[PDB]
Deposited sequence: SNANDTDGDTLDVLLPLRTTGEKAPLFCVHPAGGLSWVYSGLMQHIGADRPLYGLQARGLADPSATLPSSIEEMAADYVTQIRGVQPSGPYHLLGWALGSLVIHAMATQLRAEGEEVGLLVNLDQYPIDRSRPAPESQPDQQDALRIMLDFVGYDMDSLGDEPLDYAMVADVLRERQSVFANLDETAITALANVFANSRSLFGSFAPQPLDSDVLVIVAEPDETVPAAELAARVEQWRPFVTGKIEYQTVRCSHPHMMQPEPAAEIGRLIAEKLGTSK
């Protein structure tokens, strides 16, 4: 069916402008469903999913800018105008920045911008800390169908669990599994080539920080790493979880209610 489409219709019904959510390195946006309960029931909600999944013969984007332009066209087949509201997670945030750059430069209004715990890259000697991690990409997948993390992940395992827990992932075959790994390999080469342009909007970073003994200033200083690319306001909010666990029910509820608060 339409499991692996580039445009993922989580909820088309709705009066108010839609919120577009772009995938992490992994490339699937089904994980963003966890916001639906907490963002306005009058809000459409669209996932954006990597090329190379629905079609493994497809030439993957070779730049985040190319990827972003792909996704702007999709969200604009949904939304012709209005304030486009963007959410990303890890590489997604790198994508919505380019998109909002692209929209702003072409006269479109960019509204809400929500970045999920992703910070700028030294393309000099790229940090593994801030570069996409396969096990996290797996942990994000497992969380989507609520696997109990208290039991070194592998694709075959994540698959059967997904294949079983949600039967629109049944018929996700050994082809797709490799296209998942192929798409994720591309994410990392998209890190450390991408140089965000300055963005004249306000943005909202969700800081994933499970250590409550971490001083608040480091949370502001971490988020302020975006200052060469934002001349608007840089607002930030912390969920109490590690990077791959942000769509778990607690952070997803904190995140989703925070998205609604502003979109209202």
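Coordinate gaps, deposited numbering: Since the structure holds only modelled residues, the stretches it omits are 1-7, 159-162, 276-278.
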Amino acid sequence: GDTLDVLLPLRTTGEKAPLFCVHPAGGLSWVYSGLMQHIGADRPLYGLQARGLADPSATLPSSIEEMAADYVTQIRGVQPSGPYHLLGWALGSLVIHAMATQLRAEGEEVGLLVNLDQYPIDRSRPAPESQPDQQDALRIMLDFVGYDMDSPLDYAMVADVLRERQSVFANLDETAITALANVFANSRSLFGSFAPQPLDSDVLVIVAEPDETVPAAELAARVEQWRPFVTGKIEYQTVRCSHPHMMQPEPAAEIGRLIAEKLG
From here on, numbers count along this sequence of modelled residues.
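Between 13-21 and 239-247, name whichever shows the higher mean Cα B factor according to the PDB entry. For C-alpha atoms only, the mean B-factor is higher in 13-21.
Mean Cα B factor from the PDB record: higher for 95-103, or higher for 117-125? Result of the comparison: 117-125.
Quiz for you: based on the deposited Cα B-factor, which of 138, 72, 162, 181 is highest? In this record, 162 carries the highest C-alpha B-factor of the candidates.
Identity of residue with top Cα B-factor, from 39, 28, 67, 208: Highest C-alpha B-factor among the listed options: 39.
Chain thirds of CA B-factor: placement of residue 147: It belongs to the highest third of the chain when residues are ordered by C-alpha B-factor.
Which third of the chain holds residue 58 when residues are ordered by C-alpha B factor: lowest, middle or highest? Highest third.
By its CA B factor, does residue 90 count among the lowest, middle or highest third of the modelled residues in the chain? Lowest third, going by the recorded CA B-factors of the chain.
Hey, what third does residue 52 fall into on Cα B-factor, ranked over its chain? As the PDB entry reports it, the C-alpha B-factor of residue 52 lands in the middle third of its chain.
Ordered by C-alpha B-factor within the chain, which third holds residue 228? Give me lowest, middle or highest, please. Answer is lowest: the recorded C-alpha B-factor places it there.
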